[PDB]
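These notes are about the structure you will find just below.
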Amino acid sequence: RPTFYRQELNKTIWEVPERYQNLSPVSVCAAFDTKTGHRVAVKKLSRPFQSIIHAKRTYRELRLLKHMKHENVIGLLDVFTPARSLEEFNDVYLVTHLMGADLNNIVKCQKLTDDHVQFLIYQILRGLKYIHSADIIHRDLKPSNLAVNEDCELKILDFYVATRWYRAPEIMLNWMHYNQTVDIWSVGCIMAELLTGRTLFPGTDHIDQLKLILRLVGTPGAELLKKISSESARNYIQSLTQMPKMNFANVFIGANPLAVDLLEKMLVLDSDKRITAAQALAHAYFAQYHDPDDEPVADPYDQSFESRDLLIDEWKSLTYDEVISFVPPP
Ligand SMILES: COc1c(NC(=O)Nc2ccc(-c3ccc(CN4CCOCC4)nc3)c3ccccc23)cc(C(C)(C)C)cc1NS(C)(=O)=O
Numbered sequence: 005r006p007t008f009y010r011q012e013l014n015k016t017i018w019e020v021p022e023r024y025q026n027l028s029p030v037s038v039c040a041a042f043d044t045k046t047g048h049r050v051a052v053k054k055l056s057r058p059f060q061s062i063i064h065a066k067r068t069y070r071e072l073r074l075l076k077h078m079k080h081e082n083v084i085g086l087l088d089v090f091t092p093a094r095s096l097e098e099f100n101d102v103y104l105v106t107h108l109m110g111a112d113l114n115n116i117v118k119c120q121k122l123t124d125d126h127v128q129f130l131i132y133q134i135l136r137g138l139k140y141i142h143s144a145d146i147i148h149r150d151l152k153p154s155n156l157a158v159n160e161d162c163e164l165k166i167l168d169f170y183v184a185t186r187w188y189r190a191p192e193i194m195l196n197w198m199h200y201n202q203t204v205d206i207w208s209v210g211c212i213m214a215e216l217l218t219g220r221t222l223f224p225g226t227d228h229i230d231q232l233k234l235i236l237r238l239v240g241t242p243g244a245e246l247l248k249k250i251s252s253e254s255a256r257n258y259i260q261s262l263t264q265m266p267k268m269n270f271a272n273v274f275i276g277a278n279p280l281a282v283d284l285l286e287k288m289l290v291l292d293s294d295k296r297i298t299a300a301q302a303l304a305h306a307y308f309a310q311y312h313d314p315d316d317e318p319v320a321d322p323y324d325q326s327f328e329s330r331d332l333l334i335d336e337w338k339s340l341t342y343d344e345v346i347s348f349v350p351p352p
């Protein structure tokens with residue numbers, strides 16, 4: 005067992021191994043990992059076991075993070091707790107490599123080259139293909155959840183920019199039966215923003231969001247309309263598509279034609295018709311980076327726990343097991 009030390013950061017108590025030094029708030039903390047000389051990000055979970063909902067969420071994140079092993083996806087470098095036993099186990103600390111900045115603090119400087127956009131979007135899709143192959147959906151893809159380094163290398167993460187502006191319409195209409203391309207829609211909005219410099223759908227409330235969206239991708243067609251069980255929902259989406267339509271070409275004039283073609287494939291109202299991460303990676307827009315032999319999928323992920331209703335203490339023990347069973351990668 006390592007030797008921990010306490011400290012208070014912004015009225016917040018932090019107890020971590022001496023290994024991590026110079027903690028700095030960024037709850038998350040940036041630190042210097044003495045074992046490697048590299049800067050890392052340390053995330054302390056709020057009140058992990060305060061409720062059954064928190065407990066399961068805590069477990070959910072540890073398991074998922076313990077399984078993520080992809081260049082373009084946040085990975086777990088270390089996980090610890092000051093508690094010497096399950097009895098006193100009450101805090102969880104997770105560690106990952108510290109990244110330079112968000113995709114938000116990188117667009118507030120100047121419009122990126124089309125080549126720069128190709129590379130960034132390619133990495134998002136490469137990461138997304140991986141996460142999707144583990145039967146996992148992000149649901150909150152946006153610039154603030156994208157970490158990029160000095161080498162323009164990207165990693166996808168989730169902080170527990184406007185979510186809604188990158189949110190898929192079927193989610194704001196509460197159609198509950200979301201498919202993975204819900205993330206592809208977000209990617210489309212992101213890519214649009216990187217190419218034009220501006221937020222594609224800058225809505226106030228979600229209603230305004232929906233309206234802006236439908237005026238661009240068009241009124242729901244017959245084919246999509248038949249898959250909507252609810253009649254009030256069927257009518258509602260139609261009521262929201264009463265604004266003077268707009269076209270793609272127009273909104274992305276100037277951009278690489280390959281780029282606008284891909285956007286027309288991501289920004290499709292009917293989620294069943296959106297291109298997938300895998301297909302997208304093979305799009306000619308990415309001819310320059312695409313490699314069928316270096317776009318890995320994930321090992322089968324066991325999330326049978328999701329369909330479980332257990333007591334807090336059960337979730338807490340399972341989580342504790344995961345903490346002690348952690349073995350750092352090479
Ligand atoms: C919320 O839990 C999830 C996490 N966890 C997660 O993202 N956790 C973390 C998110 C963010 C930082 C972080 C914070 C700040 C900085 C430093 N910033 C970098 C940018 O510049 C400013 C400073 N760097 C990293 C972390 C650091 C250490 C450990 C975990 C961290 C990841 C994922 C995907 C694999 C699908 C993406 C899904 C969920 N969802 S789930 C399992 O619940 O379903």
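Taking the entry's author numbering, I'd label the letters of the sequence shown as residues 5 to 30, 37 to 170, 183 to 352. We treat Cβ as the ideally placed atom computed from N, Cα and C, and that holds for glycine.
How is residue i classed by DSSP in three states: helix, strand or coil?
{"i": "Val38", "result": "strand"}
{"i": "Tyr103", "result": "strand"}
{"i": "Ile166", "result": "strand"}
{"i": "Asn201", "result": "coil"}
{"i": "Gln133", "result": "helix"}
{"i": "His48", "result": "strand"}
{"i": "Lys118", "result": "coil"}
{"i": "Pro191", "result": "helix"}
{"i": "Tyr307", "result": "helix"}
{"i": "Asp331", "result": "coil"}
{"i": "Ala144", "result": "coil"}
{"i": "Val349", "result": "coil"}
{"i": "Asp112", "result": "strand"}
{"i": "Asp313", "result": "coil"}
{"i": "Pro318", "result": "coil"}
{"i": "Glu19", "result": "coil"}
{"i": "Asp294", "result": "helix"}
{"i": "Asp324", "result": "coil"}
{"i": "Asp230", "result": "helix"}
Once the 5 residues before and after residue i are set aside, which same chain residues still bring their CB inside 8 Å of it?
{"i": "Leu27", "result": "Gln11, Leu13, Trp18, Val20, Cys39, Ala40, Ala41 and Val52"}
{"i": "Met213", "result": "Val127, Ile131, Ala281, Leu284, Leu285 and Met288"}
{"i": "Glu22", "result": "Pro6, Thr7, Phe8, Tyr9 and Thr44"}
{"i": "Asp124", "result": "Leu217, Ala277, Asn278 and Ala281"}
{"i": "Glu215", "result": "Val117, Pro153, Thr221 and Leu222"}
{"i": "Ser293", "result": "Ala190, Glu192, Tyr200, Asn201, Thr203, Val204 and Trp207"}
Nearer than 6 Å: is that true of the beta carbon of residue i relative to any heavy atom of ligand 1?
{"i": "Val345", "result": "no"}
{"i": "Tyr307", "result": "no"}
{"i": "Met78", "result": "yes"}
{"i": "residue 4", "result": "Nothing can be reported for residue 4, as the shown portion of the chain is limited to 5 through 352."}
{"i": "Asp88", "result": "no"}
{"i": "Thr203", "result": "no"}
{"i": "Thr106", "result": "yes"}
{"i": "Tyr323", "result": "no"}
{"i": "residue 178", "result": "Inspection of the chain shows residue 170 followed directly by residue 183; residue 178 is thus not represented."}
{"i": "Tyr200", "result": "no"}
{"i": "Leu74", "result": "yes"}
{"i": "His48", "result": "no"}
{"i": "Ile134", "result": "no"}
{"i": "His142", "result": "no"}
{"i": "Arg149", "result": "no"}
{"i": "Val30", "result": "yes"}
{"i": "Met213", "result": "no"}
{"i": "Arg23", "result": "no"}
{"i": "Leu167", "result": "yes"}
{"i": "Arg70", "result": "yes"}
{"i": "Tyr170", "result": "yes"}
{"i": "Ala320", "result": "no"}
{"i": "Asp112", "result": "yes"}
{"i": "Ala157", "result": "yes"}
{"i": "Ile297", "result": "no"}
Below 6 Å CB to CB, which residues in the same chain sit around residue i once its five sequence neighbours on both sides are set aside?
{"i": "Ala299", "result": "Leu135, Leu138, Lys139 and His142"}
{"i": "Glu163", "result": "none"}
{"i": "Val319", "result": "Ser143"}
{"i": "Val290", "result": "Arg296"}
{"i": "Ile62", "result": "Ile334"}
{"i": "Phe274", "result": "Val282"}
{"i": "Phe59", "result": "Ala65, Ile334 and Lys338"}
Quick check on the DSSP output: the beta strand (DSSP E) that includes residue i runs from which residue to which?
{"i": "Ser339", "result": "Unbroken run through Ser339 is the alpha helix (DSSP H), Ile334 to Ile346; no beta strand (DSSP E)."}
{"i": "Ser28", "result": "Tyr24 to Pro29"}
{"i": "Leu156", "result": "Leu156 to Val158"}
Can you name, in chain order, every residue of its own chain whose Cβ lies under 7 Å from the Cβ of residue i, other than the five neighbours on each side?
{"i": "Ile235", "result": "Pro191 and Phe223"}
{"i": "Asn114", "result": "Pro153, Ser154 and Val183"}
{"i": "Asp112", "result": "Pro153, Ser154, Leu156 and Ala157"}
{"i": "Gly85", "result": "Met78, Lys79 and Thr106"}
{"i": "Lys233", "result": "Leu262 and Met265"}
{"i": "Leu167", "result": "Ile84, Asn155 and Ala157"}
In the DSSP assignment, find the unbroken alpha helix (DSSP H) run with residue i in it and report its ends.
{"i": "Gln301", "result": "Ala299 to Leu303"}
Q.
Just to confirm the assignment: which complete alpha helix (DSSP H) runs, minimum length 4, are found wholly within the stretch 233-292?
A. Qualifying alpha helix (DSSP H) stretches, in chain order: 244-247, 253-261, 270-273 and 279-288.
Q: Mind listing, in chain order, the continuous beta strand (DSSP E) runs of no fewer than 3 residues lying wholly within the stretch 58-104?
A: For the stretch 58-104, whole beta strand (DSSP E) runs of length 3 or above, ordered along the chain, are 88-90.
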